[PDB]
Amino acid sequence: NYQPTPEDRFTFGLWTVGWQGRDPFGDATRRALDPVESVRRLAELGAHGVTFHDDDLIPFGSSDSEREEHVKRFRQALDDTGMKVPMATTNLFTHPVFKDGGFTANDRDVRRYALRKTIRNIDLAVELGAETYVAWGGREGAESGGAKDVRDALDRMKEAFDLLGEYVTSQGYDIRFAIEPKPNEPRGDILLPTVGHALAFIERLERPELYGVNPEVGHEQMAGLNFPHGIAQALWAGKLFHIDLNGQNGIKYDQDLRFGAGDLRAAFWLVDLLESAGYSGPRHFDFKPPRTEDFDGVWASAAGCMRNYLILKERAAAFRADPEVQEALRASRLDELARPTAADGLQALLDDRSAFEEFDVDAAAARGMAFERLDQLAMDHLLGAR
């Protein structure tokens, strides 16, 4: 009954189940988790692996010797459990020095510090076996219009990612970068606020093939956008390197609910797309167990993330395999959408009187698309009424 195994490639950030529940209006409701106990507990639930920020694993300000001890204990738990570390990232947002950003801070010395802090953790990530290095520029942005010249900030952002790409290529590392967009919070507006803006920015980097996106369900929904559409565009561009799964109820603060909560139909269409397209990266949950919960609730919430993915996977597979749905997809001309408009070429199209001079515009207009019957078949499959 919907039991995960490590082959499902479910992964969790240390900061997810370890969130202590401090929010803008309230103190922590849970004690801190040791990363070693999170790894053990997640392995028991069926997870494949964990991810981390540098500062989740090594307390900020640690001496090089305390650092080695923290890494050794962590590596021992990975060996003991079989858990992998597919992705890592840098905390460029918690310490007050990053209050105006890391890569795009107005102060040049902070930007240099931000790059050195990142590069140190790239070495550690490679050593732990990570394939993807995520950058979430949560402090890159502004509350007021005069504080940030955005063209200069984008030059600084391009400069930072170009330098990181020079670093990994000169070291020979097999790691790729993924930019995680978010439209706002904690800054009033964040630079590269959606999947689209991040994809466009990547095309201006010196080595675009090293960079992709790490979209998050709740972040695109904070702009009211359709998250499966945005993932489709990332897949179309070949840039979906990693994904953050969670839930969000509309346009408000980033809730980071467990996956399947929030917009359930969008979760169904997301799973349908990822499975149909053969996405083979980690299914990573970036979620926060609500601060109402004790530790039993934390693990129930994490298990629910995986359960809901596996239920939706089953329902989406049943939908696509149902002959009556295959019939309806042809009734709605999804087959014709996949065929070229004009494989015959421009001159043939210009000479084709059936495309214009003799096109019967009223007969074409009268054809129904039959989309409502198709969508009700999808609803019936989701709810298990088929």
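Position 1 is the first residue in the sequence shown; the rest follow in order.
Mean C-alpha B-factor is higher over 82-90 than over the other stretch, the pair under comparison being 186-194 and 82-90. Looking at 138-146 and 115-123 together, the entry lists the larger mean B-factor for 115-123, computed on C-alpha atoms. Per the deposited record, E206 carries the highest C-alpha B-factor of all listed residues (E180, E206, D263, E293). Sorting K158, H284, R73, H219 by the CA temperature factor given in the entry leaves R73 at the top.
Among the modelled residues of its chain, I231 has a C-alpha B-factor that falls in the lowest third, as given in the PDB entry. Residue-level temperature factors show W299 in the middle third of its chain, judged at the C-alpha atom. Among the modelled residues of its chain, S63 has a C-alpha B-factor that falls in the highest third according to the deposited record. In this PDB entry, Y253 carries a Cα temperature factor that places it within the lowest third of its chain's modelled residues. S276: CA B factor lies in the highest third for its chain, per the PDB record.
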